[PDB]
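Next up: just one chain, as structure tokens, the form deposited in one PDB entry.
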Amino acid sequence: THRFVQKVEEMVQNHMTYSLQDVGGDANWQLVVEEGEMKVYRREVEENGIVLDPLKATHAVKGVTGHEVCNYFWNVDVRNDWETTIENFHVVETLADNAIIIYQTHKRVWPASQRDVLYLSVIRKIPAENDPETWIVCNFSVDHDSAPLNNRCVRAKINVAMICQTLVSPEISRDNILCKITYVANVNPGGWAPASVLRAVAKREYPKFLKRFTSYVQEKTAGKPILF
């Protein structure tokens, strides 16, 4: 269909192959924050003095499906109900009914300069018979000609996936469904930013995002028919 179909397939397949792997047994991942089933890990990585620290988190959210969690993560129309770090966003291009290109600016965290991002966002169902089906959203930086001029901003590059598998434990009720998330984010912030700032913002904002976002999906879907 669109011009990014092959690249999308490739990003989605790399995440299904690598990002889903369990890291409980992997000492290369540092476990930074645990709050119940919410477990947030990082690797400490710098390229030319820029912090790139890979983020990887798992969570287990009662009462919602993967399909639902991924719709809410992907659907631009509900972005302001859960995002707390975005100043502005514009849909730059609609590629298909499951893929768009988005421009957004993040709120400045003093004393770093503000960051903007230009990324393709795609939502995909990955079919399983002994395995679970998966819903995934991948957001990854692309180049585009309708990129704004924004001289307040350094351009960050991202490769993020929200990957969800759904457990139903034997008319199915929300009480019987559990969504397992794996969330990964590799962000090159560009430019320079104090390493302490980058790291404090990650450490604060990723767990806050995961709590907030997953509670929002629980809240919006409760009392609604289950969308498997």
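Numbers follow the displayed sequence, beginning with 1. Heads up, when I say rigid core I mean the largest set of C-alphas that superpose within 1.5 Å between the two forms.
Checked against the other entries of this protein, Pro170 counts as unresolved in at least one third of those spanning it. The stretch of deposited sequence separating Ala128 from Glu129 contains 1 to 3 residues lacking coordinates in this entry. According to the record, 4 to 9 deposited residues between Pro170 and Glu171 are left without atomic coordinates. In this entry, the higher average B-factor at the C-alpha atoms falls on 16 to 24, of the pair 16 to 24 and 206 to 214. Relative to its counterpart among 60 to 68 and 172 to 180, 172 to 180 has the higher mean temperature factor, C-alpha atoms as listed in the PDB entry.
When the C-alpha B-factors of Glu87, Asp145, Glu93, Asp116 are ranked from the entry, the top spot goes to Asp145. Placement of the Cα temperature factor of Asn188 within the chain: lowest third of the modelled residues, per the deposited record.
Per the PDB record, residue ranking by Cα B-factor puts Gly36 in the highest third of the chain. Per the deposited record, the Cα B-factor of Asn151 falls in the highest third when ranked against the other modelled residues of its chain. The deposited CA B-factor of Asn139 belongs to the lowest third of values across its chain. Remark: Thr166 belongs to the middle third of its chain, ranked by C-alpha B-factor as recorded.
FYI, the form deposited in another entry isn't displayed, but the following is about it.
Once you line up the core between the shown form and the other one, the Cα of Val51 ends up 2 Å or more from where it was. When two forms of a protein are overlaid on their rigid core, residues whose CA moves 2 Å or more are considered shifted, and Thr85 is not one of them between the shown form and the other one.
With the core held fixed, the Cα of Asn75 is displaced between the shown form and the other one by less than 2 Å. In comparison with the shown form, the Cα-Cα distance of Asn48 and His15 decreases by at least 3 angstroms in the other form. The distance between the CA atoms of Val142 and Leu149 is at least 3 Å shorter in the other form than in the form shown here.
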